[PDB]
Amino acid sequence: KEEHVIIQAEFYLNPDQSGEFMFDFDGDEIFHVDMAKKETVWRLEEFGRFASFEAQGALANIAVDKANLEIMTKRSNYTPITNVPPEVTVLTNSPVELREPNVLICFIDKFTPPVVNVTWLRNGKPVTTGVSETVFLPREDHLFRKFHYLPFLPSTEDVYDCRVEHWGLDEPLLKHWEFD
Amino acid sequence: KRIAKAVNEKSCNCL
Amino acid sequence: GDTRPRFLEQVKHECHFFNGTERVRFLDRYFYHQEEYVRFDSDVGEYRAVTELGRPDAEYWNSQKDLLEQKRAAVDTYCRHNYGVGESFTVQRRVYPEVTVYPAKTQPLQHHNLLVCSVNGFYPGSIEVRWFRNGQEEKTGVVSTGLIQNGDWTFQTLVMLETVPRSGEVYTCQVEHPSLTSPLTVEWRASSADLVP
């Protein structure tokens with residue numbers, strides 16, 4: 001049985017013209033390339049201490065992915081992707097204690113295509129402060145997963161939801177967290 | 001140390 | 001909104017490592033939506049169509065000698081190379097777990113409860129979590145979340161024991177994990193939570 005797997009995973013999506021270039025080690029992201037800024041973005045800062053990657057190389061690969069997509073789209077007679085809606089779970093990073101900083105994690109899994117809208121809600125209102133997210137992470141079944149994060153100070157007053165929208169869903173999907 | 005990139009092969013535009 | 005049909009291309013260049021880098025398998029894999037259509041497997045040494053969508057490419061790429069030579073060398077130029085680059089912070093990453101034990105609910109003794117062993121922030125994912133009641137390992141009535149990836153190169157798991165605790169009992173959660181240099185146990189003493197003595 002294998003000990004480890006490293007994958008350079010890429011995609012290109014039409015008609016969005018969206019693409020991604022990343023490396024995965026045993027299911028965690030090493031880095032991806034921000035193709036607008038043409039920059040290697042390490043998943044943990046410390047990974048870039050010794051290692052480097054030439055970000056321009058990703059652009060060349062994504063151009064081949066686009067050309068290939070054009071060909072495969074024709075070969076398939078414009079067979080489009082079947083939407084597969086996500087499974088969503090809300091987690092805390094650590095056991096929750098009142099007034100001890102923690103992090104809410106919204107885990108969005110088993111979906112395709114890699115286009116999704118994810119919004120954190122505090123008492124029903126979108127939170128656009130202190131939030132972070134990952135790029136689309138590849139699965140072995142060739143669907144995708146993704147994480148969104150919200151640092152928070154636990155209280156008895158507040159409630160939270162992760163709201164996920166995806167073409168495969170019939171309505172926005174809400175996953176709830178509150179203090180217990 | 002530099003991480004090596006795998007190249008993508010270009011499909012036949014088999015017209 | 002925008003409900004136009006979508007079309008997805010993926011490529012996965014995979015390096016699979018067995019016994020350090022003693023054996024390596026390289027896969028060059030191309031996908032339309034989720035459908036793998038053509039693949040180079042280093043165990044085979046040439047491209048093969050996986051579906052009929054890939055037949056034109058296997059033939060075309062296999063006719064290019066320089067192309068095949070490059071892919072056949074990938075186990076070294078790409079896989080072993082990148083393993084070496086990344087080893088210290090990937091293969092050798094070991095992050096010690098934070099372990100918290102608590103009852104799921106405040107319940108008086110001699111009534112059903114769930115004792116929670118929360119194991120947080122660890123890496124890599126390989127772990128064993130065991131419950132003991134007065135030194136006897138409990139096997140039944142043990143439920144877990146399974147292994148949860150946090151997305152930030154840490155994992156967590158919650159492992160819960162169904163029990164009816166009595167005064168004087170000591171329950172112990174034990175963790176075995178590659179980060180340990182000595183054993184990791186956390187106790188919950190039933191007499192520390194005697195709500196109605």
Side-chain angles (χ1 to χ4, degrees), chain A residues 1-11 20-33 41-47 51 53 84 86-91 93 103 105-112 114 116 118 132-149, chain B residues 3 6, chain C residues 10-18 20-21 24-29 31 34 36 78-79 82-83 85-97 119-129 144-158 177-179:
Chain A
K1 193 187 290 188
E2 72 200 354
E3 296 182 342
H4 302 287
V5 185
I6 300 171
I7 304 179
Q8 176 187 321
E10 319 171 20
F11 71 76
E20 182 179 298
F21 181 104
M22 67 87 71
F23 273 66
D24 181 285
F25 175 87
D26 296 354
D28 285 301
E29 176 190 354
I30 307 176
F31 70 94
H32 65 271
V33 174
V41 180
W42 296 100
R43 181 60 182 85
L44 300 183
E45 162 176 27
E46 46 269 37
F47 297 170
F53 182 80
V84 178
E87 180 167 74
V88 180
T89 305
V90 166
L91 314 163
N93 190 58
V103 181
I105 304 171
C106 185
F107 177 53
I108 308 101
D109 199 13
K110 300 169 188 173
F111 68 94
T112 202
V116 71
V118 181
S132 58
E133 71 189 72
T134 71
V135 298
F136 296 95
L137 310 170
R139 293 171 47 82
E140 291 181 38
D141 58 12
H142 319 302
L143 303 172
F144 296 93
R145 69 215 142 103
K146 200 181 198 295
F147 300 80
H148 285 241
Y149 304 105
Chain B
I3 293 174
Chain C
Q10 309 189 60
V11 55
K12 296 179 177 183
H13 317 269
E14 311 188 353
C15 296
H16 297 255
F17 299 94
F18 304 76
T21 60
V24 179
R25 184 182 179 204
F26 169 69
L27 303 169
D28 210 48
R29 312 177 71 190
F31 308 81
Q34 292 88 263
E36 192 181 10
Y78 179 62
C79 302
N82 287 341
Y83 186 107
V85 172
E87 186 181 349
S88 290
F89 62 89
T90 60
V91 173
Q92 307 292 349
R93 178 181 172 80
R94 279 174 286 278
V95 182
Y96 191 96
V119 186
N120 294 89
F122 60 91
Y123 192 93
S126 61
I127 198 163
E128 294 185 351
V129 183
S144 168
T145 55
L147 183 62
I148 295 166
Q149 218 164 16
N150 296 319
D152 67 349
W153 296 70
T154 69
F155 295 89
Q156 64 176 294
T157 187
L158 281 65
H177 186 262
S179 67

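Every chain is numbered from 1, with letters handed out A, B, ... down the list of sequences. Computed over heavy atoms, backbone and side chain alike; hydrogens, waters and symmetry mates excluded.
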- A/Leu137 CG to A/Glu20 CD distance, which is reported to the nearest 0.5 Å: 7.0 Å
- Query: Are A/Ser132 and A/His148 side-chain neighbours, meaning at least one heavy-atom pair lies under 4.5 Å?
  - Reply: no
- Check: B/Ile3 and A/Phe31 side chains under 4.5 Å, non-hydrogen atoms: yes
- Note on the structure: Separation between OG1 (C/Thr90) and NE2 (A/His4), nearest 0.5 Å, reads 7.5 Å
- Message: Just verifying a value: how many Å separate C/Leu158 CG and C/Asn120 CG, rounded to the nearest 0.5 Å?
- Response: 6.5 Å
- Between A/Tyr149 and C/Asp152, what is the shortest heavy-atom contact and its length? OH-N, 3.8 Å
- Shortest non-hydrogen contact from B/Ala6 to A/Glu10? O-OE2, 4.4 Å
- Message: Quick check: do C/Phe31 and C/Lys12 have side-chain heavy atoms less than 4.5 Å from each other?
- Response: yes
- Query: Hey, mind stepping through C/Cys79 and A/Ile6 against side-chain contact (heavy atoms from CB on, under 4.5 Å) and telling me if it holds?
  - Reply: CA-CA 8 Å; C/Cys79 302; A/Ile6 300 171; over 6 Å; no
- Message: I want to check something: taking the side chain as every heavy atom from C-beta on, are A/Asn93 and A/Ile105 in contact at a cut-off of under 4.5 Å?
- Response: yes
- Starting at CZ of A/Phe136, measure out to CZ of A/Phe11 and round the result to the nearest 0.5 Å. 5.5 Å
- Task: Determine yes or no for a side-chain-to-main-chain donor-acceptor pair under 3.5 angstrom, with C/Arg93 supplying the side chain and C/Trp153 the backbone.
- Result: yes
- Apply the test side-chain contact (heavy atoms from CB on, under 4.5 Å) to residues C/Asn82 and A/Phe23: give CA-CA distance (whole Å), side-chain angles for both, the deciding distance (0.1 Å), then the verdict. CA-CA 11 Å; C/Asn82 287 341; A/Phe23 273 66; 3.8 Å; yes
- CZ on A/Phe147 to OG1 on A/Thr134, rounded to 0.5 Å: 6.5 Å
- Item | Non-hydrogen atoms of C/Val119 and C/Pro97 that approach each other most closely | CG1-CB, 3.7 Å
- For C/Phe89 and A/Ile30 the tightest heavy-atom approach is CE1-CG2, 4.2 Å
- Message: For A/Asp109, is there an ion pair with A/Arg139 - N to carboxylate O distance below 4.0 angstrom?
- Response: yes
- Which pair of heavy atoms, one from A/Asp141 and one from C/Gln34, lies closest together, and at what distance? O-CG, 3.8 Å
- Query: In this structure, are over 12 heavy atoms from other groups packed under 6.0 Å from C/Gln92 atom CD?
  - Reply: yes
- Task: Kindly write out the residues that satisfy side chain to side chain donor-acceptor pair (under 3.5 Å) with C/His177, not counting sequence neighbours, or none if the list is empty.
- Result: C/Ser179
- Would you mind reporting whether C/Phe122 and C/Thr157 have side-chain heavy atoms less than 4.5 Å apart? yes
- Query: Which distance, rounded to the nearest 0.5 Å, do you find between the CZ of C/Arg29 and the CD1 of A/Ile7?
  - Reply: 7.5 Å
- Where do A/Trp42 and A/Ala51 come nearest, in terms of heavy atoms and distance? CZ2-O, 3.4 Å
- Task: Take A/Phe21 and A/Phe53 through the test ring pair (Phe, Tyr, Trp, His ring centres under 6.0 Å) and record every step on the way to the result.
- Result: CA-CA 12 Å; A/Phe21 181 104; A/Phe53 182 80; 5.4 Å; yes
- Are A/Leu143 and A/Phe111 close enough that some pair of their side-chain heavy atoms sits under 4.5 Å apart? no
- Side-chain contact test, heavy atoms from C-beta onward, threshold under 4.5 Å: evaluate it for A/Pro138 versus A/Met22 and give yes or no. yes
- Message: Closer than 3.5 angstrom, by distance alone: can the side chain of A/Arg43 be matched with the main-chain N or O of C/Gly151 as a donor-acceptor pair?
- Response: yes
- Message: Are the side chains of A/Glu133 and A/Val116 in contact, using a 4.5 Å heavy-atom criterion?
- Response: no
- Query: Are any side-chain N or O atoms of C/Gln10 and backbone N or O atoms of A/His142, one a donor and one an acceptor, separated by less than 3.5 Å?
  - Reply: yes
- Check step by step if side-chain contact (heavy atoms from CB on, under 4.5 Å) holds for A/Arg145 and C/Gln149. CA-CA 11 Å; A/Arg145 69 215 142 103; C/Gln149 218 164 16; 3.5 Å; yes
- For A/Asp26 and A/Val5, indicate whether the former's side chain and the latter's backbone hold a donor-acceptor pair under 3.5 Å. yes
- Message: Quick one, C/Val95 with C/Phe155, criterion side-chain contact (heavy atoms from CB on, under 4.5 Å). Give me CA distance, side-chain angles, the key distance, then yes/no.
- Response: CA-CA 10 Å; C/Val95 182; C/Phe155 295 89; over 6 Å; no
